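model-v2.cif follows (mmCIF, N, CA, C and O atoms and all ligand atoms):
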```cif
data_input
#
loop_
_atom_site.label_atom_id
_atom_site.label_comp_id
_atom_site.auth_asym_id
_atom_site.auth_seq_id
_atom_site.Cartn_x
_atom_site.Cartn_y
_atom_site.Cartn_z
N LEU U 844 -5.54 7.05 3.45
CA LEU U 844 -5.02 5.93 2.67
C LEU U 844 -4.95 4.61 3.48
O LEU U 844 -5.14 4.61 4.70
N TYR U 845 -4.60 3.51 2.79
CA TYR U 845 -4.37 2.20 3.40
C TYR U 845 -3.16 1.62 2.75
O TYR U 845 -2.84 1.99 1.62
N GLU U 846 -2.48 0.73 3.46
CA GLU U 846 -1.40 -0.05 2.92
C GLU U 846 -1.69 -1.51 3.09
O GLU U 846 -2.11 -1.98 4.14
N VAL U 847 -1.52 -2.20 1.98
CA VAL U 847 -1.74 -3.63 1.84
C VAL U 847 -0.35 -4.28 1.76
O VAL U 847 0.42 -3.93 0.86
N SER U 848 0.00 -5.18 2.71
CA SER U 848 1.31 -5.85 2.68
C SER U 848 1.18 -7.34 2.50
O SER U 848 0.95 -8.12 3.45
N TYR U 849 1.26 -7.72 1.25
CA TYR U 849 1.14 -9.10 0.84
C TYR U 849 2.53 -9.72 0.61
O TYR U 849 3.51 -8.99 0.42
N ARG U 850 2.62 -11.05 0.78
CA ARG U 850 3.81 -11.87 0.60
C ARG U 850 3.41 -13.31 0.39
O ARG U 850 2.71 -13.90 1.23
N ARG U 851 3.90 -13.90 -0.72
CA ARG U 851 3.74 -15.31 -1.10
C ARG U 851 4.86 -16.00 -0.30
O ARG U 851 6.00 -15.54 -0.37
N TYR U 852 4.53 -17.04 0.50
CA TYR U 852 5.54 -17.70 1.35
C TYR U 852 6.89 -17.91 0.68
O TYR U 852 6.97 -18.46 -0.42
N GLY U 853 7.93 -17.44 1.36
CA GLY U 853 9.31 -17.55 0.90
C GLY U 853 9.87 -16.30 0.25
O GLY U 853 11.04 -15.98 0.45
N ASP U 854 9.03 -15.60 -0.55
CA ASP U 854 9.40 -14.37 -1.25
C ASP U 854 9.66 -13.20 -0.31
O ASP U 854 9.67 -13.33 0.92
N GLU U 855 9.84 -12.04 -0.92
CA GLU U 855 9.97 -10.82 -0.19
C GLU U 855 8.56 -10.17 -0.19
O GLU U 855 7.64 -10.66 -0.87
N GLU U 856 8.36 -9.15 0.64
CA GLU U 856 7.11 -8.42 0.80
C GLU U 856 6.79 -7.56 -0.42
O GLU U 856 7.66 -6.90 -0.99
N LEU U 857 5.51 -7.54 -0.80
CA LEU U 857 5.00 -6.67 -1.85
C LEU U 857 4.06 -5.72 -1.13
O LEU U 857 3.64 -6.03 -0.02
N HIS U 858 3.80 -4.53 -1.71
CA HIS U 858 3.00 -3.49 -1.06
C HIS U 858 2.01 -2.91 -2.04
O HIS U 858 2.03 -3.23 -3.22
N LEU U 859 1.16 -2.03 -1.55
CA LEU U 859 0.18 -1.29 -2.33
C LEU U 859 -0.48 -0.19 -1.50
O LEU U 859 -1.04 -0.45 -0.42
N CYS U 860 -0.42 1.05 -2.00
CA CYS U 860 -1.11 2.14 -1.37
C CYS U 860 -2.50 2.31 -2.04
O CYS U 860 -2.62 2.55 -3.24
N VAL U 861 -3.54 2.18 -1.24
CA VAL U 861 -4.92 2.30 -1.65
C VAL U 861 -5.41 3.62 -1.04
O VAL U 861 -5.52 3.72 0.18
N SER U 862 -5.64 4.65 -1.89
CA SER U 862 -6.13 5.97 -1.44
C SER U 862 -7.63 5.91 -1.26
O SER U 862 -8.24 4.98 -1.78
N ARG U 863 -8.24 6.90 -0.58
CA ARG U 863 -9.69 6.99 -0.35
C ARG U 863 -10.45 6.72 -1.61
O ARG U 863 -11.18 5.73 -1.66
N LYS U 864 -10.28 7.59 -2.65
CA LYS U 864 -10.94 7.49 -3.95
C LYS U 864 -10.77 6.12 -4.55
O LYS U 864 -11.75 5.52 -4.99
N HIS U 865 -9.55 5.57 -4.43
CA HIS U 865 -9.18 4.26 -4.92
C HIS U 865 -9.95 3.19 -4.13
O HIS U 865 -10.55 2.31 -4.73
N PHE U 866 -10.03 3.34 -2.80
CA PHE U 866 -10.73 2.42 -1.92
C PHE U 866 -12.25 2.44 -2.10
O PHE U 866 -12.88 1.38 -2.11
N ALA U 867 -12.84 3.62 -2.19
CA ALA U 867 -14.29 3.73 -2.33
C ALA U 867 -14.73 3.26 -3.68
O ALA U 867 -15.84 2.72 -3.80
N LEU U 868 -13.87 3.47 -4.71
CA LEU U 868 -14.18 3.06 -6.08
C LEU U 868 -14.12 1.55 -6.13
O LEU U 868 -15.18 0.95 -6.20
N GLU U 869 -12.90 0.95 -5.99
CA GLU U 869 -12.65 -0.51 -6.02
C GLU U 869 -13.43 -1.37 -5.01
O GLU U 869 -13.49 -2.58 -5.24
N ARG U 870 -14.01 -0.77 -3.91
CA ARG U 870 -14.73 -1.42 -2.79
C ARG U 870 -13.64 -2.27 -2.08
O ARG U 870 -13.68 -3.50 -2.06
N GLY U 871 -12.62 -1.58 -1.62
CA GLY U 871 -11.43 -2.19 -1.07
C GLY U 871 -10.30 -2.07 -2.07
O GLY U 871 -10.08 -1.02 -2.69
N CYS U 872 -9.59 -3.16 -2.27
CA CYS U 872 -8.43 -3.24 -3.13
C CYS U 872 -8.67 -4.31 -4.19
O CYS U 872 -9.64 -5.06 -4.09
N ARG U 873 -7.79 -4.40 -5.20
CA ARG U 873 -7.86 -5.38 -6.27
C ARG U 873 -6.41 -5.65 -6.74
O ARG U 873 -5.75 -4.74 -7.21
N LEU U 874 -5.90 -6.86 -6.54
CA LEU U 874 -4.54 -7.24 -6.94
C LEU U 874 -4.53 -8.02 -8.28
O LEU U 874 -5.02 -9.16 -8.39
N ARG U 875 -4.01 -7.36 -9.31
CA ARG U 875 -3.99 -7.84 -10.68
C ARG U 875 -2.68 -8.53 -11.08
O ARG U 875 -1.58 -7.98 -10.91
N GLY U 876 -2.86 -9.78 -11.56
CA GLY U 876 -1.85 -10.66 -12.14
C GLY U 876 -0.66 -11.06 -11.30
O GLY U 876 0.49 -10.73 -11.62
N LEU U 877 -0.92 -11.86 -10.27
CA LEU U 877 0.12 -12.36 -9.37
C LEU U 877 0.51 -13.77 -9.77
O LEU U 877 -0.34 -14.58 -10.15
N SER U 878 1.78 -14.07 -9.66
CA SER U 878 2.22 -15.42 -9.95
C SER U 878 1.53 -16.38 -8.96
O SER U 878 1.10 -15.91 -7.90
N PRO U 879 1.31 -17.68 -9.30
CA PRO U 879 0.56 -18.57 -8.39
C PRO U 879 1.15 -18.73 -6.99
O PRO U 879 2.32 -18.42 -6.78
N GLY U 880 0.32 -19.19 -6.03
CA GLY U 880 0.74 -19.44 -4.65
C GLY U 880 -0.16 -18.94 -3.54
O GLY U 880 -1.16 -18.26 -3.82
N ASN U 881 0.19 -19.29 -2.27
CA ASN U 881 -0.53 -18.89 -1.05
C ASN U 881 0.14 -17.60 -0.49
O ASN U 881 1.32 -17.61 -0.08
N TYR U 882 -0.60 -16.47 -0.56
CA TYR U 882 -0.20 -15.14 -0.11
C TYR U 882 -0.77 -14.75 1.25
O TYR U 882 -1.85 -15.20 1.60
N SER U 883 -0.06 -13.87 1.98
CA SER U 883 -0.42 -13.45 3.34
C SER U 883 -0.67 -11.95 3.34
O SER U 883 0.22 -11.18 2.97
N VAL U 884 -1.86 -11.50 3.75
CA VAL U 884 -2.15 -10.06 3.70
C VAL U 884 -2.37 -9.39 5.05
O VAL U 884 -3.15 -9.87 5.89
N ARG U 885 -1.78 -8.21 5.20
CA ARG U 885 -2.06 -7.36 6.35
C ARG U 885 -2.51 -6.01 5.77
O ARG U 885 -2.01 -5.61 4.71
N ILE U 886 -3.47 -5.33 6.41
CA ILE U 886 -3.93 -4.02 5.94
C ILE U 886 -3.78 -2.96 7.07
O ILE U 886 -3.95 -3.32 8.23
N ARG U 887 -3.34 -1.71 6.73
CA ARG U 887 -3.12 -0.66 7.74
C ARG U 887 -3.58 0.73 7.33
O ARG U 887 -2.89 1.46 6.58
N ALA U 888 -4.68 1.13 7.98
CA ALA U 888 -5.30 2.44 7.83
C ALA U 888 -4.43 3.56 8.39
O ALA U 888 -4.00 3.53 9.55
N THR U 889 -4.17 4.56 7.56
CA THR U 889 -3.43 5.72 7.97
C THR U 889 -4.41 6.87 8.01
O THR U 889 -5.07 7.14 7.01
N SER U 890 -4.56 7.48 9.18
CA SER U 890 -5.47 8.59 9.35
C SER U 890 -4.65 9.83 9.54
O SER U 890 -3.41 9.77 9.58
N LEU U 891 -5.37 10.94 9.78
CA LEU U 891 -4.83 12.25 10.11
C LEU U 891 -3.90 12.27 11.33
O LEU U 891 -2.97 13.09 11.40
N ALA U 892 -4.15 11.33 12.28
CA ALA U 892 -3.37 11.19 13.51
C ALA U 892 -2.13 10.30 13.40
O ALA U 892 -1.15 10.60 14.08
N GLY U 893 -2.18 9.22 12.61
CA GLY U 893 -1.06 8.30 12.45
C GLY U 893 -1.41 6.93 11.90
O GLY U 893 -2.56 6.69 11.54
N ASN U 894 -0.40 6.04 11.80
CA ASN U 894 -0.46 4.65 11.28
C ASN U 894 -1.12 3.64 12.32
O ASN U 894 -0.46 3.18 13.24
N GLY U 895 -2.40 3.30 12.14
CA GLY U 895 -3.11 2.39 13.04
C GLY U 895 -3.09 0.90 12.72
O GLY U 895 -3.64 0.48 11.69
N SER U 896 -2.54 0.09 13.66
CA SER U 896 -2.35 -1.40 13.71
C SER U 896 -2.83 -2.22 12.54
O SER U 896 -4.01 -2.17 12.16
N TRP U 897 -1.92 -3.09 12.08
CA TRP U 897 -2.09 -4.05 11.01
C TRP U 897 -3.08 -5.16 11.32
O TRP U 897 -3.02 -5.81 12.38
N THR U 898 -3.98 -5.41 10.36
CA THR U 898 -5.01 -6.45 10.42
C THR U 898 -4.30 -7.79 10.51
O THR U 898 -3.33 -7.98 9.77
N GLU U 899 -4.76 -8.74 11.34
CA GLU U 899 -4.11 -10.06 11.40
C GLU U 899 -3.98 -10.73 9.99
O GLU U 899 -4.77 -10.39 9.09
N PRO U 900 -2.94 -11.56 9.72
CA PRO U 900 -2.77 -12.11 8.37
C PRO U 900 -3.93 -12.94 7.86
O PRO U 900 -4.47 -13.76 8.59
N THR U 901 -4.33 -12.66 6.62
CA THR U 901 -5.37 -13.39 5.91
C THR U 901 -4.53 -14.10 4.87
O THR U 901 -3.40 -13.67 4.59
N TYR U 902 -5.04 -15.21 4.32
CA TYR U 902 -4.32 -15.94 3.29
C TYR U 902 -5.18 -16.02 2.08
O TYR U 902 -6.39 -16.09 2.21
N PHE U 903 -4.58 -15.89 0.90
CA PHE U 903 -5.34 -16.04 -0.33
C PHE U 903 -4.52 -16.89 -1.33
O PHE U 903 -3.31 -16.67 -1.45
N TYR U 904 -5.16 -17.87 -2.01
CA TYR U 904 -4.40 -18.70 -2.94
C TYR U 904 -4.72 -18.45 -4.42
O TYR U 904 -5.82 -18.77 -4.89
N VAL U 905 -3.72 -17.94 -5.17
CA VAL U 905 -3.81 -17.74 -6.62
C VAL U 905 -3.43 -19.02 -7.32
O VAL U 905 -2.30 -19.51 -7.17
N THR U 906 -4.42 -19.59 -8.02
CA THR U 906 -4.44 -20.86 -8.78
C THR U 906 -3.19 -21.07 -9.66
O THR U 906 -2.62 -20.09 -10.14
N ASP U 907 -2.76 -22.33 -9.89
CA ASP U 907 -1.55 -22.52 -10.71
C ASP U 907 -1.83 -22.83 -12.24
O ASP U 907 -0.89 -22.73 -13.05
N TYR U 908 -3.10 -23.11 -12.64
CA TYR U 908 -3.54 -23.47 -14.01
C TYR U 908 -2.65 -24.54 -14.66
O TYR U 908 -2.68 -24.69 -15.88
N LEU U 909 -1.82 -25.25 -13.86
CA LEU U 909 -0.91 -26.29 -14.37
C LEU U 909 -0.92 -27.49 -13.37
O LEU U 909 -1.53 -28.54 -13.62
N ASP U 910 -0.24 -27.28 -12.22
CA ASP U 910 -0.08 -28.22 -11.12
C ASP U 910 -1.32 -28.12 -10.21
O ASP U 910 -2.01 -27.09 -10.21
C1 LIG U 1001 -1.92 -20.72 3.54
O1 LIG U 1001 -0.98 -20.66 4.63
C2 LIG U 1001 -1.57 -20.71 5.94
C3 LIG U 1001 -0.47 -20.49 6.96
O2 LIG U 1001 0.57 -21.44 6.83
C4 LIG U 1001 1.09 -21.88 8.06
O3 LIG U 1001 2.43 -21.39 8.29
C5 LIG U 1001 3.45 -21.88 7.39
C6 LIG U 1001 4.75 -21.20 7.75
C7 LIG U 1001 3.51 -23.41 7.45
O4 LIG U 1001 3.97 -23.85 8.73
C8 LIG U 1001 2.13 -23.98 7.13
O5 LIG U 1001 2.15 -25.40 7.17
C9 LIG U 1001 1.07 -23.42 8.09
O6 LIG U 1001 -0.22 -23.92 7.77
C10 LIG U 1001 -2.36 -22.01 6.09
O7 LIG U 1001 -2.90 -22.19 7.41
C11 LIG U 1001 -3.48 -22.00 5.06
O8 LIG U 1001 -4.28 -23.17 5.20
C12 LIG U 1001 -2.92 -21.88 3.64
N1 LIG U 1001 -3.98 -21.51 2.71
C13 LIG U 1001 -4.35 -22.26 1.66
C14 LIG U 1001 -5.44 -21.67 0.81
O9 LIG U 1001 -3.84 -23.34 1.41
#
```
Turn the structure described in the file into structure tokens.
Ligand SMILES: *[C@@H]1O[C@H](CO[C@@H]2O[C@@H](C)[C@@H](O)[C@@H](O)[C@@H]2O)[C@@H](O)[C@H](O)[C@H]1NC(C)=O
Amino acid sequence: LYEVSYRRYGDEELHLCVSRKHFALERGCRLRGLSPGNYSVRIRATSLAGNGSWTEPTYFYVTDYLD
């Protein structure tokens, strides 16, 4: 599996578990219907041995369709 830890600046952390089947199907992850803003993502692969280091933060901006 993988864990996706996203957070829109100021808010609290949101999460998502992406399983193998889920990952191979979706070609990664897909985040559906987030309120607008600049989000910060870290990703962490969990293998048979343990939880391996979080990917440095990436930023993604969901459009405001107003402002
Ligand atoms: C999204 O946010 C990135 C990181 O923001 C940085 O840290 C915060 C706490 C503020 O100090 C901010 O001014 C810093 O830039 C930005 O570097 C990035 O450009 C932003 N992304 C978009 C799409 O606007």
Within 6 Å of residue U:881 using all atoms listed in the file, minus same-chain residues under 2 positions, as a list in words
residues 850, 851, 852, 879, 883, 903, 904 and 905 of chain U
Looking only at the backbone, which of the residues in chain U does DSSP tag as strand (DSSP E), as JSON, numbers by chain?
{"U": [845, 846, 847, 848, 849, 850, 851, 860, 861, 880, 881, 882, 883, 884, 885, 886, 887, 888, 889, 894, 895, 901, 902, 903, 904, 905]}
Sel. of helix (DSSP H, G or I) residues, chain U, as a PyMOL selection string
chain U and resi 863-869
Name the residues in contact with residue U:906 at a cut-off of 7 Å, using only N, CA, C and O atoms, excluding same-chain residues fewer than 5 positions from it; report them as an mmCIF file with N, CA, C and O atoms, in the frame of the given file.
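Output below, filename selection.cif:
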```
data_model
loop_
_atom_site.group_PDB
_atom_site.id
_atom_site.type_symbol
_atom_site.label_atom_id
_atom_site.label_comp_id
_atom_site.auth_asym_id
_atom_site.auth_seq_id
_atom_site.Cartn_x
_atom_site.Cartn_y
_atom_site.Cartn_z
ATOM 1 N N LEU U 877 -0.920 -11.860 -10.270
ATOM 2 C CA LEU U 877 0.120 -12.360 -9.370
ATOM 3 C C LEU U 877 0.510 -13.770 -9.770
ATOM 4 O O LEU U 877 -0.340 -14.580 -10.150
ATOM 5 N N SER U 878 1.780 -14.070 -9.660
ATOM 6 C CA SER U 878 2.220 -15.420 -9.950
ATOM 7 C C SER U 878 1.530 -16.380 -8.960
ATOM 8 O O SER U 878 1.100 -15.910 -7.900
ATOM 9 N N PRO U 879 1.310 -17.680 -9.300
ATOM 10 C CA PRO U 879 0.560 -18.570 -8.390
ATOM 11 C C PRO U 879 1.150 -18.730 -6.990
ATOM 12 O O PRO U 879 2.320 -18.420 -6.780
ATOM 13 N N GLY U 880 0.320 -19.190 -6.030
ATOM 14 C CA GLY U 880 0.740 -19.440 -4.650
ATOM 15 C C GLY U 880 -0.160 -18.940 -3.540
ATOM 16 O O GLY U 880 -1.160 -18.260 -3.820
#
```
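Atom C of residue U:857 to atom O of residue U:885 spans 8.4 Å [interatomic distance, one decimal].
Atom CA of residue U:887 is positioned 12.0 Å from atom C of residue U:862.
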Two-atom distance - atom O of residue U:899, atom N of residue U:873 (Å)
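Straight-line distance from atom O of residue U:899 to atom N of residue U:873 works out to 15.8 Å.
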Please determine an axis-aligned box that encloses all atoms of ligand LIG 1001 (chain U) listed in the file, with 6 Å added on each side, and express its centre and edge lengths in Å to one decimal as JSON.
```
{"center_x": -0.3, "center_y": -22.9, "center_z": 4.8, "size_x": 22.2, "size_y": 16.9, "size_z": 19.9}
```
Tell me which of U:845, U:901, U:868, U:908 sits closest to residue U:884, counting only C-alpha atoms.
U:901
